[PDB]
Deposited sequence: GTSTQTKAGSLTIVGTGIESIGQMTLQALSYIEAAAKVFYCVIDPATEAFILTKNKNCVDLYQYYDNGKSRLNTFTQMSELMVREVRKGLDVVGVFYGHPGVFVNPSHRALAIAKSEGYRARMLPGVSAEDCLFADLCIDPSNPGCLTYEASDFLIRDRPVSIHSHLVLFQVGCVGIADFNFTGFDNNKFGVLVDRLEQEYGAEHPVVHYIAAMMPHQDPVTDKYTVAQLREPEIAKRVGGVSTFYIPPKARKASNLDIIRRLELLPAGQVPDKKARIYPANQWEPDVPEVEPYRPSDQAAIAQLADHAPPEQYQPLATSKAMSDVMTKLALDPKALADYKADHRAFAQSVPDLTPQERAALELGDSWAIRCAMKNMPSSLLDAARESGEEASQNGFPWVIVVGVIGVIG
């Protein structure tokens, strides 16, 4: 294996606090850091954690093609990889979600035979779900770039969530330091009118970028987006959320094949699990405390853990080593090079803890860290799921 590595990481959206613990650890360990971030508090923070940082934003310029900038950013990173160094690239949000140069740099590095990896981060869509109080699972989610959405005539589903990025620069790919003049916005509004109608809601969303700010969560009708003083509020960090227009019915063949009925139970398509989506037009009130909810809450007084439940039963030495593997990239690289040698040098481990670390298998680690009861084995991964349509049928 060749000297040199490229790891691309994210900052998240909200300054400093939305960075992951592993993103931070890689930035600290790197020989060289290259970054493109949105706010100066995040920039200042990065520079305190590594002595050899370069700002990629300086490679944009007025009238200079963005694709030429991306080629330059990628080549700067890959040049240091070719010299045998551990390089880290840092981008705003999740570094592979609506970003060009990260994918280019990683693919070049990988094809020339160097180690290459992207670490995930928190994206603007992750913030959207949290701030607007929606779940992509209910009733499904479509995500597009706004100019692509129009140019390639991408389909909408009126029964699912729709999220549109880059609504502030329709049809514009030029760079200018004073930013976008969005004079083809009306082409997007026309499309939304044809798909949803003039009175359907559109939510203007801007996630807070500093820890003290509130998010923008402003509902307008499609028609109001034609008003000049509303249209001008949409800029370079604006995203649209468009809620469903209707509820989709269930397919009788699938109901049969999945054996979800004894008779026609009357699970109406409009019947919902609390809470309902508050942006959806003409959505009725859902009762949070039904008779079945009240009865479930009554059982809490008598509750004990079930006999099959596995309590945590670990040690300081074992918790410390699992933490070190997640937060120290050098410790992890040593462990992966030689499981046994590494396991032997960790002090205070019991024989089981040492044996599980030597093997590295998930089940071995679970047994060393959790007490497994007789009743469970006689018949042990969690099995947590989201419930929607099935829980409201039978």
Counting from 1 along the deposited sequence, the ranges with no C-alpha atoms are 1 to 5, 385 to 395
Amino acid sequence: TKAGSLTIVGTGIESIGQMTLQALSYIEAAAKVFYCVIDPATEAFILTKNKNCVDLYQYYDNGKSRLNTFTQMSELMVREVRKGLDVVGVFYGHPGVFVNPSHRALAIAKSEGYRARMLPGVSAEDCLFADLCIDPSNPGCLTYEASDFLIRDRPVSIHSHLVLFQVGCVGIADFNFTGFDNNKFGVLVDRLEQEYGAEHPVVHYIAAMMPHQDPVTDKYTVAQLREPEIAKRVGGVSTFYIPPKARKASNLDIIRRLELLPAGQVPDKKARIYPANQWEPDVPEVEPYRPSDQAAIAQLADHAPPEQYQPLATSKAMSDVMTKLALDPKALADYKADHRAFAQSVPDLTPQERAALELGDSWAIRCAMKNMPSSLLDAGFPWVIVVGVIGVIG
From here on, numbers count along this sequence of modelled residues.
Determine, for stretches 318 to 326 and 264 to 272, which one has the higher mean CA B-factor as deposited. 264 to 272
Can you tell me which stretch has the higher mean Cα B-factor, 62 to 70 or 331 to 339? 331 to 339
Checking the entry, which one of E145, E112, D126, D218 has the top C-alpha B factor? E112
Which has the highest CA B-factor per the PDB entry: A29, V54, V37, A355? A355
Hey, what third does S250 fall into on Cα B-factor, ranked over its chain? middle
Could you tell me which third, lowest, middle or highest, the C-alpha B-factor of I158 occupies within its chain? middle
For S5, return the chain-relative third of its C-alpha B-factor as stated in the PDB record: lowest, middle or highest. middle
Quick one: classify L21 as lowest, middle or highest third of the chain based on its Cα B-factor. lowest
If you rank the chain by CA B-factor, which third does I13 end up in: lowest, middle or highest? lowest
